[PDB]
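All remarks here apply to the structure that follows.
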Amino acid sequence: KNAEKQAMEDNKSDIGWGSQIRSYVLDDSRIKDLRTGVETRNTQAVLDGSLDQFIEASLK
RNA sequence: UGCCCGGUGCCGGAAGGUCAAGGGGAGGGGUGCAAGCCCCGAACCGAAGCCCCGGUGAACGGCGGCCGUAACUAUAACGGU
Ligand SMILES: [Mg+2]
Ligand SMILES: [Mg+2]
Ligand SMILES: [Mg+2]
Ligand SMILES: [Mg+2]
Ligand SMILES: [Mg+2]
Ligand SMILES: [Mg+2]
Ligand SMILES: [Mg+2]
Ligand SMILES: [Mg+2]
Ligand SMILES: [Mg+2]
Ligand SMILES: [Mg+2]
Ligand SMILES: [Mg+2]
Ligand SMILES: [Mg+2]
Ligand SMILES: [Mg+2]
Ligand SMILES: [Mg+2]
Numbered sequence: 303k304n305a306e307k308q309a310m311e312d313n314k315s316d317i318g319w320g321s322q323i324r325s326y327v328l329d330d331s332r333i334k335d336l337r338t339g340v341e342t343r344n345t346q347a348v349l350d351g352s353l354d355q356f357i358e359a360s361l362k
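Counting from 1 along the first sequence, just add 302 to a position and that's the residue number in the UniProt record's numbering.
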């Protein structure tokens with residue numbers, strides 16, 4: 303199991319720069335989910351919990 | 001060749017506590033007609049030792065536990081007790 307634990311550690315990573323899946327930029331009001339990728343302009347509405355816009359569209 | 005002198009040992013301490021023989025003799029008793037003779041006996045004075053106050057490890061000896069915490073884990077330099 304600890305070998306499987308390190309498999310998680312070694313396959314996640316790394317809360318670092320070149321490592322985004324979505325980019326919430328509050329200085330020009332956008333949240334690009336650079337995976338798919340939607341471009342909703344309601345930044346302070348996504349921070350309130352409107353992730354359906356992303357979840358359902360990113361289950362593909 | 002580190003840290004611990006609380007326990008034991010040794011060393012130092014004319015204070016204080018306790019301390020035997022002895023000294024002392026408030027008081028009490030036996031007996032005698034009696035002077036007397038004989039026996040207990042409090043306060044108080046009275047050594048070392050012990051207590052007490054310190055020192056001492058190349059003196060006898062002794063030198064912990066639990067809990068949490070860091071770039072996603074592990075570990076814990078750090079903290080709490
Ligand atoms: Mg110390
Ligand atoms: Mg000692
Ligand atoms: Mg000693
Ligand atoms: Mg001592
Ligand atoms: Mg002595
Ligand atoms: Mg006497
Ligand atoms: Mg006498
Ligand atoms: Mg008489
Ligand atoms: Mg006497
Ligand atoms: Mg003495
Ligand atoms: Mg002793
Ligand atoms: Mg030594
Ligand atoms: Mg000891
Ligand atoms: Mg940690």
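Cβ coordinates follow ideal geometry from the N, Cα and C atoms, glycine included.
DSSP, read as helix, strand or coil, puts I357 in helix. Looking only at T345, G339, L361 and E341, the smallest Cα-Cα distance to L328 is reached by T345. For the pair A359 and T342, the CB atoms are not nearer than the 7 angstroms cut-off. Setting aside the 5 residues that flank it on each side, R324 is surrounded in the same chain by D335, each with a C-beta closer than 6 angstroms to its C-beta; the list follows chain order.
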